[PDB]
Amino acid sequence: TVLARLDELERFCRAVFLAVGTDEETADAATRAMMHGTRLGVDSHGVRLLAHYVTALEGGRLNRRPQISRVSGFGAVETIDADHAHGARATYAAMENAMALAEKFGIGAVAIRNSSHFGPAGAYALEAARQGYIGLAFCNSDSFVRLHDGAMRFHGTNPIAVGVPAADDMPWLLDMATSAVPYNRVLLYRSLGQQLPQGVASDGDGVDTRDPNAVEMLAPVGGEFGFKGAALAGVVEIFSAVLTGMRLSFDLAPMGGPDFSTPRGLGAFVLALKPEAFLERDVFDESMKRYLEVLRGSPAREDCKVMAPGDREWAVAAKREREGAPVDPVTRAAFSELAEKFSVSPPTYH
């Protein structure tokens, strides 16, 4: 295992995408979503996803040159057809539009059609926050999580991402799957041979299990009150599938192979709020400032620490700014054969 510079990894991912014969904007957008994940420590959706995207692109699943267009739209809303684009491209574009509409109507909501996996949901949410708007991001995926008291994979890990501008620091940022823990976690624990935390997954009968080998579905967030987490996965499902026209979780094709050619037709939803359309920006920042000052200063349990959403990510982000992002041996090896294959320089390490 070893470290890599965030620019070294960035320039590398973009170089590879271009080599696959991808759009210049599709390459920039796809690398931002992965650099976002890698910079914020959410490595499950970091640069390790490069391998998959190039396979989906070469396979035909992801369109190299997507023509993003608005099928309709009136007022502060509009539905966009990404043209089977790479999730990040389809959603980064949808958000710049939602921000544009928010600048004109105080708010902006955009339904996304014919898209794909977009990596970390917070990428787009954090984009709006960096711009001074409140960004929302919903989406679904192939069924993985059961309902409360369920005995089958029902909803996808249907994430929720909310980004709020700060003042003189990093934006408030929530990026979470509606299930207790994401799916890659069971694969990781299965790989290490360790048991999962209690109430994160269930067997085929709907009864929880801490054995990663017996898991056949993820459990909703909330535990005994998991029905609340299942309900949250419902709101995202409505904004991501019923309101976009795309297929529901249980109707979507697998995220993995063997098919890397037939498009999945994934739906998503983006939302932006213009703080200045409701109140004085000076009173918004002082409230947010006070809100965060108090939160972080709040009493904690024994040897514990309290933090706002995004605080853990800004701590690792700062560390990866100077120290660099860790790249294990097997992902590094994948970077070498990708570099060999596409004739691009591999990331320098240390």
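We number the residues from 1 along the sequence you see.
Stretches 289-297 and 66-74 differ in mean CA B factor, with 66-74 having the higher one. Stretch comparison (317-325 versus 34-42) by mean CA B-factor in the PDB entry places 317-325 on top. Ranking 178, 115, 202, 79 by Cα temperature factor from the entry places 79 first.
Looking only at 254, 132, 156, 267, the residue with the top Cα B factor in the deposited structure is 132.
Residue 166: CA B factor in the highest third of modelled residues in this chain (values from the PDB entry). Residue 150: CA B factor in the middle third of modelled residues in this chain (values from the PDB entry). Sorting the modelled residues of the chain by their CA temperature factor places residue 261 in the highest third. Remark: residue 206 belongs to the highest third of its chain, ranked by C-alpha B-factor as recorded.
Per the deposited record, the Cα B-factor of residue 56 falls in the lowest third when ranked against the other modelled residues of its chain.
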